[PDB]
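Asker: so I've got this experimental structure, pasted below with the sequence.
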Amino acid sequence: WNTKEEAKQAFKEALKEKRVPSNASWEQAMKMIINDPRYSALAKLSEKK
């Protein structure tokens, strides 16, 4: 992604796919896409943005 906001949107989408609890922290939310190779692109993007 070339836009930080668009990156955040992609994260939220993956968070929905990972059924991330609304009471879960941002860090915990990212862990769901970090441990999942399928979203490794977003795991790195979260550091790029």
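Answerer: Right, received. Where do you want to start? Numbering: from 1, shown residues only.
Asker: for residue 7, give its distance to residue 46.
Answerer: 7 Å (CB to CB, to the nearest Å). All C-beta atoms are positioned from the backbone trio N, CA, C, and that covers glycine.
Asker: ugh, wrong one, I meant residue 29
Answerer: For residue 29, the distance to residue 46 - CB to CB - is 10 Å.
Asker: residue 32 too?
Answerer: Distance of residue 32 to residue 46, given as CB to CB: 11 Å.
Asker: buried sites along the helix or strand residue 33 falls within?
Answerer: Here residue 33, judged by DSSP states H and E, is contained in helix 26-34. Neighbour counts over helix 26-34 (16 or more other CB atoms under 10 Å) mark 29-30, 32-34 as buried.
Asker: so which of the residues you listed is the closest to residue 14?
Answerer: residue 33 (4.8 Å; CB to CB).
Asker: residue 48: neighbour count?
Answerer: Look at residue 48: counted by other CB atoms under 10 Å, it has 10 neighbours.
Asker: which residues does it contact?
Answerer: Residues in contact with residue 48 (CB atoms under 8 Å, 6 or more residues apart in numbering) are residue 7.
Asker: which is the next helix or strand following the helix holding residue 33?
Answerer: Downstream of helix 26-34, the next assigned helix or strand under DSSP H and E is helix 40-48.
Asker: please report how far residue 28 lies from residue 18.
Answerer: Residue 28 is 10 Å from residue 18, by CB to CB.
Asker: rewinding a little: looking at residue 7 and residue 46 now, which is surrounded by more residues?
Answerer: Between residue 7 and residue 46, residue 46 has the larger neighbour count (other CB under 10 Å), namely 19 against 16.
Asker: identify the residue spatially nearest to the more buried one, adjacent ones excluded.
Answerer: Distance criterion CB to CB, 6 or more residues apart in numbering; nearest residue to residue 46, sequence neighbours excluded, is residue 30 at 5.5 Å.
Asker: ok, that neighbour - contacts?
Answerer: 11, 43, 46.
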